[PDB]
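Novice: Sequence, then structure. It's an experimental one.
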Amino acid sequence: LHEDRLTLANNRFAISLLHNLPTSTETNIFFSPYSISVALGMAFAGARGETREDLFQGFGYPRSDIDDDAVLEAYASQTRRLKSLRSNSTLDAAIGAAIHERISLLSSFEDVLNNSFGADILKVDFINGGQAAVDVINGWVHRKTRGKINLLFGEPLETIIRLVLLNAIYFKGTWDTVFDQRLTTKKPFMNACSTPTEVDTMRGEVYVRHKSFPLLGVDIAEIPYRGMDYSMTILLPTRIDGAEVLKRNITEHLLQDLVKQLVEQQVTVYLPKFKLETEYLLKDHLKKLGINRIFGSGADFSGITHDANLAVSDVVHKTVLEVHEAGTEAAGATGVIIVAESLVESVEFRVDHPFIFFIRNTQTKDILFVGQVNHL
Ligand code: NI
(Lines give C-alpha, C1' and ligand atoms only; values in the text may rest on other atoms or scores of the structure.)
Protein backbone atom coordinates (compact mmCIF):
# COMPACT_ATOMS: atom_id res chain seq x y z
CA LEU A 1 0.00 0.00 0.00
CA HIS A 2 1.04 3.74 -0.18
CA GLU A 3 3.20 3.04 -3.34
CA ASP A 4 2.85 6.82 -4.00
CA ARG A 5 5.36 7.23 -1.08
CA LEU A 6 8.65 6.05 -2.73
CA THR A 7 7.41 7.63 -6.04
CA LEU A 8 7.05 11.04 -4.30
CA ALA A 9 10.50 10.64 -2.66
CA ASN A 10 12.05 9.69 -6.05
CA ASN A 11 10.22 12.54 -7.93
CA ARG A 12 11.24 15.10 -5.23
CA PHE A 13 14.81 13.73 -5.59
CA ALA A 14 14.46 14.12 -9.41
CA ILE A 15 13.72 17.91 -9.05
CA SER A 16 16.43 18.50 -6.35
CA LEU A 17 19.00 16.83 -8.70
CA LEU A 18 17.73 18.79 -11.80
CA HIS A 19 18.07 22.08 -9.74
CA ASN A 20 21.72 21.23 -8.68
CA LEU A 21 23.27 19.46 -11.78
CA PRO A 22 25.78 21.58 -13.81
CA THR A 23 24.16 23.58 -16.66
CA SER A 24 25.51 25.67 -19.57
CA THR A 25 24.25 27.00 -22.94
CA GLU A 26 26.34 24.12 -24.53
CA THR A 27 25.42 21.22 -22.12
CA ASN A 28 22.19 19.12 -22.03
CA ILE A 29 20.94 17.27 -18.90
CA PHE A 30 19.55 13.69 -19.00
CA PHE A 31 19.26 11.26 -16.04
CA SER A 32 17.01 8.61 -14.49
CA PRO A 33 16.02 9.60 -10.91
CA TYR A 34 14.51 6.04 -10.79
CA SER A 35 17.83 4.21 -11.52
CA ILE A 36 19.89 6.66 -9.36
CA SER A 37 17.38 6.11 -6.47
CA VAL A 38 17.68 2.25 -6.85
CA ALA A 39 21.47 2.79 -6.65
CA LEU A 40 21.05 4.80 -3.38
CA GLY A 41 18.85 1.90 -2.12
CA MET A 42 21.86 -0.47 -2.61
CA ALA A 43 23.90 1.94 -0.34
CA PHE A 44 20.99 2.02 2.19
CA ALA A 45 20.94 -1.84 2.22
CA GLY A 46 24.64 -1.93 3.25
CA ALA A 47 24.98 1.07 5.64
CA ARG A 48 24.10 0.87 9.39
CA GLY A 49 23.70 3.39 12.30
CA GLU A 50 24.56 7.07 11.58
CA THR A 51 25.85 6.25 8.03
CA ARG A 52 22.33 4.90 7.16
CA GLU A 53 20.39 7.61 9.12
CA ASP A 54 22.45 10.31 7.25
CA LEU A 55 21.46 8.79 3.79
CA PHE A 56 17.84 8.29 5.00
CA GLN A 57 17.61 12.07 5.88
CA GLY A 58 19.65 13.33 2.86
CA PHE A 59 17.52 11.52 0.22
CA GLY A 60 14.39 12.51 2.14
CA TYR A 61 12.45 9.21 2.63
CA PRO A 62 11.04 10.60 5.96
CA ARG A 63 9.70 13.77 4.18
CA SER A 64 7.52 11.27 2.05
CA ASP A 65 6.30 9.35 5.18
CA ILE A 66 8.66 6.29 4.80
CA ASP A 67 10.14 4.95 8.09
CA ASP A 68 13.73 3.61 7.63
CA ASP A 69 12.50 0.07 8.57
CA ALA A 70 10.22 0.42 5.46
CA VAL A 71 12.72 1.69 2.78
CA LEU A 72 13.98 -1.75 1.50
CA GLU A 73 10.41 -3.15 1.29
CA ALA A 74 9.15 0.01 -0.58
CA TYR A 75 11.96 -0.59 -3.17
CA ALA A 76 10.90 -4.30 -3.36
CA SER A 77 7.22 -3.34 -4.08
CA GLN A 78 8.21 -0.61 -6.64
CA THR A 79 10.60 -3.17 -8.29
CA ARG A 80 7.90 -5.92 -8.66
CA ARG A 81 5.31 -3.33 -9.86
CA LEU A 82 7.34 -1.82 -12.80
CA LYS A 83 8.36 -5.27 -14.27
CA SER A 84 5.03 -7.18 -13.63
CA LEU A 85 2.50 -4.72 -15.13
CA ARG A 86 2.67 -5.92 -18.81
CA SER A 87 3.53 -2.99 -21.16
CA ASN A 88 4.37 -2.04 -24.79
CA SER A 89 7.25 0.05 -23.29
CA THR A 90 10.36 -1.65 -21.71
CA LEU A 91 13.16 -0.58 -19.30
CA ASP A 92 16.55 -2.37 -19.64
CA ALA A 93 18.46 -1.53 -16.41
CA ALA A 94 22.13 -2.22 -15.43
CA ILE A 95 22.08 -1.75 -11.62
CA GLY A 96 24.97 -3.23 -9.61
CA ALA A 97 27.53 -2.83 -6.80
CA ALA A 98 31.09 -3.48 -8.04
CA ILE A 99 32.98 -4.60 -4.83
CA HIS A 100 36.68 -5.68 -4.47
CA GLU A 101 36.52 -9.53 -4.83
CA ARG A 102 38.52 -10.08 -1.54
CA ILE A 103 35.84 -8.37 0.65
CA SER A 104 33.74 -11.18 2.22
CA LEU A 105 30.03 -10.34 1.51
CA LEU A 106 27.21 -10.96 4.05
CA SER A 107 24.51 -13.22 2.47
CA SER A 108 21.73 -10.77 3.63
CA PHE A 109 23.18 -7.96 1.37
CA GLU A 110 23.16 -10.43 -1.61
CA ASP A 111 19.47 -11.36 -0.79
CA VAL A 112 18.32 -7.68 -0.38
CA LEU A 113 20.11 -6.53 -3.61
CA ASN A 114 18.21 -9.38 -5.38
CA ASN A 115 14.66 -8.98 -3.94
CA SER A 116 14.67 -5.17 -3.24
CA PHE A 117 16.55 -3.91 -6.33
CA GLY A 118 17.02 -6.66 -9.00
CA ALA A 119 20.69 -5.53 -8.62
CA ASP A 120 23.82 -7.60 -9.53
CA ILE A 121 27.10 -7.74 -7.52
CA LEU A 122 30.32 -7.59 -9.65
CA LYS A 123 33.21 -8.99 -7.49
CA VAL A 124 36.32 -7.56 -9.31
CA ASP A 125 40.03 -7.13 -8.32
CA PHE A 126 40.34 -3.27 -8.07
CA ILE A 127 44.03 -3.57 -6.86
CA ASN A 128 45.75 -5.95 -9.40
CA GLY A 129 43.01 -6.68 -12.05
CA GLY A 130 42.67 -2.98 -13.12
CA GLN A 131 41.79 -3.43 -16.86
CA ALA A 132 40.06 -6.86 -16.33
CA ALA A 133 37.63 -5.19 -13.84
CA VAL A 134 36.48 -2.42 -16.25
CA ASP A 135 36.40 -5.06 -19.08
CA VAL A 136 33.99 -7.16 -16.92
CA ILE A 137 31.85 -4.10 -15.84
CA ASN A 138 31.68 -2.75 -19.45
CA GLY A 139 30.68 -6.21 -20.79
CA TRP A 140 28.01 -6.38 -18.05
CA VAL A 141 26.44 -2.94 -18.89
CA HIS A 142 26.66 -3.84 -22.67
CA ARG A 143 24.61 -7.08 -22.17
CA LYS A 144 22.23 -5.69 -19.49
CA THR A 145 21.22 -2.75 -21.79
CA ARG A 146 21.21 -4.97 -24.98
CA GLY A 147 23.95 -2.82 -26.65
CA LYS A 148 22.47 0.67 -25.88
CA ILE A 149 25.08 1.51 -23.13
CA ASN A 150 28.48 -0.13 -23.80
CA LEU A 151 31.02 1.58 -21.42
CA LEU A 152 30.85 2.84 -17.81
CA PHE A 153 34.70 3.30 -17.62
CA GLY A 154 37.23 4.06 -20.44
CA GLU A 155 40.25 3.54 -18.09
CA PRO A 156 41.19 1.30 -15.15
CA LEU A 157 39.75 2.64 -11.83
CA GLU A 158 42.02 4.03 -9.05
CA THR A 159 43.44 1.04 -7.07
CA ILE A 160 42.10 2.74 -3.84
CA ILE A 161 38.46 1.98 -4.96
CA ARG A 162 36.76 -0.94 -3.07
CA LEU A 163 32.98 -0.23 -3.68
CA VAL A 164 31.34 1.64 -6.67
CA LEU A 165 27.55 1.78 -7.39
CA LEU A 166 26.53 1.50 -11.11
CA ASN A 167 23.12 2.42 -12.69
CA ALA A 168 22.48 2.57 -16.47
CA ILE A 169 18.91 2.29 -17.90
CA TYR A 170 17.38 2.46 -21.43
CA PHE A 171 13.69 3.20 -22.21
CA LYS A 172 12.17 1.49 -25.30
CA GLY A 173 8.73 2.43 -26.62
CA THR A 174 6.65 3.41 -29.65
CA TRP A 175 4.56 6.60 -30.03
CA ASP A 176 0.79 5.91 -29.67
CA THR A 177 0.59 8.20 -32.79
CA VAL A 178 3.68 7.63 -35.04
CA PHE A 179 5.00 10.71 -36.94
CA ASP A 180 4.96 10.40 -40.76
CA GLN A 181 8.68 10.37 -41.85
CA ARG A 182 7.61 12.09 -45.21
CA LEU A 183 6.80 15.29 -43.14
CA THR A 184 10.23 15.39 -41.33
CA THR A 185 12.33 18.36 -42.68
CA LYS A 186 15.38 20.50 -41.73
CA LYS A 187 14.16 23.37 -39.46
CA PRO A 188 16.02 25.93 -37.31
CA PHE A 189 16.46 25.07 -33.59
CA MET A 190 17.66 28.08 -31.52
CA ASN A 191 20.42 26.74 -29.20
CA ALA A 192 20.92 28.42 -25.75
CA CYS A 193 24.06 30.24 -27.17
CA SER A 194 21.45 32.10 -29.37
CA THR A 195 22.91 30.69 -32.65
CA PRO A 196 20.33 28.74 -34.74
CA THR A 197 21.28 25.18 -35.90
CA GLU A 198 19.42 23.14 -38.63
CA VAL A 199 17.93 19.82 -37.25
CA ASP A 200 15.71 16.98 -38.59
CA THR A 201 12.30 18.18 -37.27
CA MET A 202 9.30 15.78 -37.12
CA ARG A 203 5.79 17.22 -37.82
CA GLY A 204 2.38 15.67 -36.89
CA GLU A 205 -1.25 16.69 -36.26
CA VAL A 206 -1.21 14.54 -33.08
CA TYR A 207 -3.66 14.03 -30.19
CA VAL A 208 -1.80 14.93 -27.00
CA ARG A 209 -2.74 16.34 -23.59
CA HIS A 210 -1.94 20.10 -23.86
CA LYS A 211 -2.32 23.37 -21.92
CA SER A 212 -0.84 26.87 -22.29
CA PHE A 213 0.21 28.57 -18.95
CA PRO A 214 1.15 32.17 -20.02
CA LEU A 215 1.46 33.39 -16.33
CA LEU A 216 4.15 30.69 -15.68
CA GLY A 217 5.66 31.29 -19.18
CA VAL A 218 5.30 27.60 -20.14
CA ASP A 219 3.33 25.66 -22.77
CA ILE A 220 3.03 21.91 -21.96
CA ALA A 221 2.19 18.94 -24.21
CA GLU A 222 2.19 15.28 -23.00
CA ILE A 223 3.00 12.88 -25.92
CA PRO A 224 1.83 9.33 -25.04
CA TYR A 225 3.63 6.07 -25.91
CA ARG A 226 1.54 3.10 -27.18
CA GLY A 227 -0.48 1.67 -24.24
CA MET A 228 -0.89 5.17 -22.73
CA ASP A 229 1.08 3.93 -19.59
CA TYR A 230 4.18 6.03 -20.54
CA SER A 231 4.46 9.58 -21.97
CA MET A 232 7.00 12.31 -22.77
CA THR A 233 5.91 15.58 -21.04
CA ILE A 234 7.52 18.57 -22.81
CA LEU A 235 7.71 21.93 -20.97
CA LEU A 236 8.40 24.59 -23.65
CA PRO A 237 9.22 28.06 -22.22
CA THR A 238 7.17 30.96 -23.75
CA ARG A 239 10.49 32.93 -23.97
CA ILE A 240 13.28 31.52 -26.23
CA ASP A 241 15.66 31.97 -23.22
CA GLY A 242 13.13 30.86 -20.55
CA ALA A 243 14.53 27.37 -19.73
CA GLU A 244 16.77 28.24 -16.73
CA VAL A 245 13.97 30.33 -15.04
CA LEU A 246 11.43 27.53 -15.76
CA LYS A 247 13.77 24.80 -14.36
CA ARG A 248 14.33 26.93 -11.18
CA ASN A 249 10.53 27.51 -10.84
CA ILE A 250 9.49 23.81 -11.34
CA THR A 251 8.85 21.75 -8.17
CA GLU A 252 7.52 18.21 -7.76
CA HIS A 253 4.17 19.66 -6.44
CA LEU A 254 3.84 22.31 -9.20
CA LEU A 255 4.67 19.78 -12.02
CA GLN A 256 1.87 17.44 -10.65
CA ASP A 257 -0.63 20.41 -10.53
CA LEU A 258 0.33 21.44 -14.14
CA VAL A 259 0.06 17.87 -15.61
CA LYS A 260 -3.43 17.30 -14.02
CA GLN A 261 -4.83 20.34 -15.98
CA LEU A 262 -3.64 19.18 -19.47
CA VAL A 263 -6.66 18.73 -21.85
CA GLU A 264 -6.83 16.12 -24.70
CA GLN A 265 -6.41 18.14 -27.93
CA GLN A 266 -5.11 17.78 -31.52
CA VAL A 267 -2.04 20.01 -31.95
CA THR A 268 0.57 20.60 -34.68
CA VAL A 269 3.78 19.23 -32.98
CA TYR A 270 7.25 20.20 -34.34
CA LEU A 271 9.74 17.92 -32.52
CA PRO A 272 13.48 17.69 -33.34
CA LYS A 273 14.81 14.10 -33.65
CA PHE A 274 17.12 14.90 -30.67
CA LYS A 275 19.85 12.60 -29.21
CA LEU A 276 21.15 12.67 -25.59
CA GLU A 277 24.09 10.71 -24.14
CA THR A 278 25.13 11.55 -20.56
CA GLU A 279 27.33 10.09 -17.76
CA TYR A 280 27.60 11.38 -14.15
CA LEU A 281 29.95 10.72 -11.23
CA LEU A 282 27.23 11.79 -8.74
CA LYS A 283 29.18 11.87 -5.36
CA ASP A 284 29.59 15.70 -5.09
CA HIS A 285 25.94 16.42 -6.14
CA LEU A 286 24.69 13.86 -3.54
CA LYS A 287 26.98 15.44 -0.87
CA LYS A 288 25.30 18.85 -1.64
CA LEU A 289 21.87 17.15 -0.90
CA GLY A 290 23.09 16.00 2.58
CA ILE A 291 24.24 12.43 1.58
CA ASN A 292 27.85 12.29 2.97
CA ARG A 293 28.62 9.41 5.40
CA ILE A 294 28.32 6.60 2.72
CA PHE A 295 31.31 8.34 0.92
CA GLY A 296 33.47 8.96 4.06
CA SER A 297 36.16 7.22 6.18
CA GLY A 298 34.51 5.39 9.16
CA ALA A 299 31.34 4.82 7.05
CA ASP A 300 29.44 1.93 8.76
CA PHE A 301 28.95 -0.87 6.14
CA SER A 302 28.50 -3.82 8.60
CA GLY A 303 25.48 -4.52 6.30
CA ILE A 304 27.87 -5.57 3.41
CA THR A 305 30.99 -6.88 5.29
CA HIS A 306 31.85 -7.71 8.99
CA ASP A 307 35.62 -7.53 8.07
CA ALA A 308 36.74 -4.39 6.07
CA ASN A 309 36.48 -0.52 6.10
CA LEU A 310 34.18 0.04 3.06
CA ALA A 311 33.24 3.43 1.61
CA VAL A 312 31.25 4.04 -1.65
CA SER A 313 33.79 5.58 -4.06
CA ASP A 314 31.00 7.03 -6.28
CA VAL A 315 27.53 6.53 -7.88
CA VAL A 316 28.11 6.11 -11.65
CA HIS A 317 25.09 6.84 -13.89
CA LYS A 318 24.94 6.68 -17.71
CA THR A 319 21.97 6.92 -20.11
CA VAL A 320 21.13 7.61 -23.77
CA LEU A 321 18.00 8.50 -25.81
CA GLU A 322 17.13 9.16 -29.50
CA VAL A 323 13.77 10.57 -30.74
CA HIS A 324 12.40 9.03 -34.00
CA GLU A 325 9.05 9.02 -35.89
CA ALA A 326 8.17 5.58 -34.38
CA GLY A 327 9.37 6.49 -30.83
CA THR A 328 12.69 5.48 -29.17
CA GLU A 329 14.08 3.37 -32.09
CA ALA A 330 14.93 4.29 -35.73
CA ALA A 331 12.19 2.83 -37.94
CA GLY A 332 10.37 1.05 -35.03
CA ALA A 333 6.87 1.29 -36.69
CA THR A 334 5.60 0.86 -40.31
CA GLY A 335 1.87 1.93 -40.06
CA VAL A 336 0.84 5.67 -39.96
CA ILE A 337 -2.29 7.92 -40.05
CA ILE A 338 -2.19 10.53 -42.88
CA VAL A 339 -4.29 13.35 -41.30
CA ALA A 340 -6.46 15.76 -43.38
CA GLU A 341 -5.94 19.53 -42.71
CA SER A 342 -8.17 20.88 -39.84
CA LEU A 343 -10.49 23.72 -41.11
CA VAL A 344 -11.46 25.19 -37.65
CA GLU A 345 -8.18 25.60 -35.66
CA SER A 346 -4.97 23.74 -34.75
CA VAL A 347 -2.68 24.76 -31.80
CA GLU A 348 1.06 24.73 -32.68
CA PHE A 349 3.52 23.17 -30.17
CA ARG A 350 6.86 24.02 -31.92
CA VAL A 351 9.90 22.70 -29.93
CA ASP A 352 12.51 25.02 -31.57
CA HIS A 353 14.27 26.43 -28.46
CA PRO A 354 15.65 25.01 -25.19
CA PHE A 355 13.01 22.99 -23.29
CA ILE A 356 12.66 20.58 -20.32
CA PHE A 357 10.98 17.12 -20.52
CA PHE A 358 10.03 14.15 -18.32
CA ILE A 359 9.40 10.53 -19.35
CA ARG A 360 6.83 9.29 -16.76
CA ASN A 361 4.73 6.19 -16.06
CA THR A 362 1.23 7.86 -16.23
CA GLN A 363 -0.33 5.16 -13.86
CA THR A 364 2.32 5.04 -11.01
CA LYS A 365 3.42 8.73 -11.66
CA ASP A 366 7.13 7.64 -11.40
CA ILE A 367 9.50 10.01 -13.27
CA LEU A 368 11.84 7.65 -15.18
CA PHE A 369 13.77 10.40 -17.04
CA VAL A 370 14.42 14.15 -16.60
CA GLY A 371 15.75 16.07 -19.61
CA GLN A 372 16.89 19.60 -20.48
CA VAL A 373 17.86 20.28 -24.14
CA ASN A 374 19.94 23.52 -24.48
CA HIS A 375 21.89 22.51 -27.60
CA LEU A 376 21.36 20.33 -30.69
NI1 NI B 1 -1.31 22.00 -5.18
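Specialist: Here it is on my side, so go on. Residues are numbered from 1 along each chain as shown.
Novice: For residue 183, which residues are in contact?
Specialist: Residue 183 sits next to 202-204 when contact means CB atoms under 8 Å, 6 or more residues apart in numbering. Every residue, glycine included, has its C-beta placed from N, CA and C.
Novice: Show me the strands in the stretch 51-200 of the chain, by range?
Specialist: 90-100, 120-124, 163-172, 185-190, 196-213 (DSSP state E, counting those that start in this stretch).
Novice: Quick one: the helices in this structure, in order.
Specialist: Counting by DSSP state H, the chain has helices at residues 4-20, 33-46, 49-59, 71-82, 107-117, 130-144, 243-249, 252-260, 283-287.
Novice: In a markdown table: those, plus distance to residue 191 and mean neighbour count.
Specialist: Formatted as a markdown table, the helices of the chain follow (distance: least, CB to CB, whole Å; neighbours: other CB atoms under 10 Å):
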| stretch | distance to residue 191 | mean neighbour count |
| --- | --- | --- |
| helix 4-20 | 20 | 21 |
| helix 33-46 | 26 | 25 |
| helix 49-59 | 34 | 19 |
| helix 71-82 | 35 | 18 |
| helix 107-117 | 38 | 16 |
| helix 130-144 | 30 | 17 |
| helix 243-249 | 11 | 17 |
| helix 252-260 | 25 | 14 |
| helix 283-287 | 25 | 18 |
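Novice: closest to residue 301 out of these?
Specialist: For residue 301, the closest of the helices of the chain is helix 33-46, at 5.0 Å, according to CB to CB.
Novice: Give me the helices and strands touching that closest one, please.
Specialist: Taking 3 or more CB pairs under 8 Å, 6 or more residues apart in numbering; DSSP states H and E as contact, the helices and strands that helix 33-46 lies on are helix 4-20, helix 49-59, helix 71-82, strand 90-100, helix 107-117, strand 163-172, strand 315-322, strand 367-373.
Novice: export those to JSON lines and tack on distance to residue 278?
Specialist: Shown next, in JSON lines, are the helices and strands packed on helix 33-46 (distance: least, CB to CB, whole Å):
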{"stretch": "helix 4-20", "distance to residue 278": "12"}
{"stretch": "helix 49-59", "distance to residue 278": "21"}
{"stretch": "helix 71-82", "distance to residue 278": "22"}
{"stretch": "strand 90-100", "distance to residue 278": "15"}
{"stretch": "helix 107-117", "distance to residue 278": "22"}
{"stretch": "strand 163-172", "distance to residue 278": "11"}
{"stretch": "strand 315-322", "distance to residue 278": "6"}
{"stretch": "strand 367-373", "distance to residue 278": "9"}
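Novice: Show the buried residues in the contacts of residue 183.
Specialist: For those, a burial check counting by 16 or more other CB atoms under 10 Å picks out 202-204.
Novice: domains for the chain, by residue range?
Specialist: Structural domains assigned to the chain are 1-174+272-325, 175-271+342-372, following curated CATH domains.
Novice: can you give me how far the first one is from the chain middle?
Specialist: The gap between the average C-alpha position of domain 1-174+272-325 and the chain average comes to 11 Å, counting by CA atoms, centre = their mean, to the nearest Å.
Novice: Equivalent analysis for the shortest one, please.
Specialist: Relative to the centre of its chain, domain 175-271+342-372 is centred 17 Å away, using CA atoms, centre = their mean.
Novice: Need the distance between the two termini of it.
Specialist: 20 Å (CA to CA, to the nearest Å).
Novice: Distance of the nearest residue to residue 259 once chain neighbours are set aside relative to residue 368?
Specialist: The shortest distance from residue 259 to any non-neighbouring residue, by CB to CB, 6 or more residues apart in numbering, is to residue 233 (6.3 Å). Counting by CB to CB, to the nearest Å, the gap from residue 233 to residue 368 is 11 Å.
Novice: Now do the contacts for the residue lying closest to residue 14 once chain neighbours are set aside.
Specialist: Closest residue in space to residue 14, ignoring its immediate chain neighbours: residue 33 at 3.5 Å, by CB to CB, 6+ apart. Listed by CB under 8 Å, 6+ apart, the contact set of residue 33 reads 10-11, 13-14, 17, 367-368, 370.
Novice: Could I get the full set of strands for the stretch 251-376 of the chain?
Specialist: Taking DSSP E, counting those that start in this stretch as the test, the strands found in the stretch 251-376 of the chain are 263-272, 275-281, 315-322, 347-350, 355-361, 367-373.
Novice: closest one to residue 126 among these?
Specialist: Nearest to residue 126 among the strands of the stretch 251-376 of the chain is strand 315-322 (13.6 Å), distances taken as CB to CB.
Novice: Could you figure out how far that closest one is turned away from helix 130-144?
Specialist: Angle of strand 315-322 versus helix 130-144, following axes from the mean of the first three to the mean of the last three CA atoms, to 10 degrees, is 40 degrees.
Novice: List the strands paired with strand 315-322, with their directions.
Specialist: Pairing partners of strand 315-322, with direction, according to DSSP bridges: strand 163-172 (parallel), strand 275-281 (antiparallel).
Novice: Name the residues of that strand that come out as buried.
Specialist: Buried, per 16+ other CB under 10 Å, within strand 315-322: 315-321.
Novice: for stretch 58-70, same thing?
Specialist: The neighbour-count check on stretch 58-70 (16+ other CB under 10 Å) flags 58-61, 64, 66 as buried.
Novice: what's the answer for stretch 295-310, then?
Specialist: By 16+ other CB under 10 Å, the buried positions in stretch 295-310 come out as 295, 299-301, 303-305, 310.
Novice: Show me which of those residues is closest to residue 340.
Specialist: Distance to residue 340, by CB to CB, is smallest for residue 295 among those, at 58.9 Å.
Novice: thinking the closest one is in contact with residue 287, fair?
Specialist: Yes - if you go by CB atoms under 8 Å, residue 295 and residue 287 touch, sitting 6.8 Å apart.
Novice: one step back: ok, of the buried residues of strand 315-322, which one's closest to residue 160?
Specialist: Nearest to residue 160 among the buried residues of strand 315-322 is residue 316, at 15.6 Å by CB to CB.
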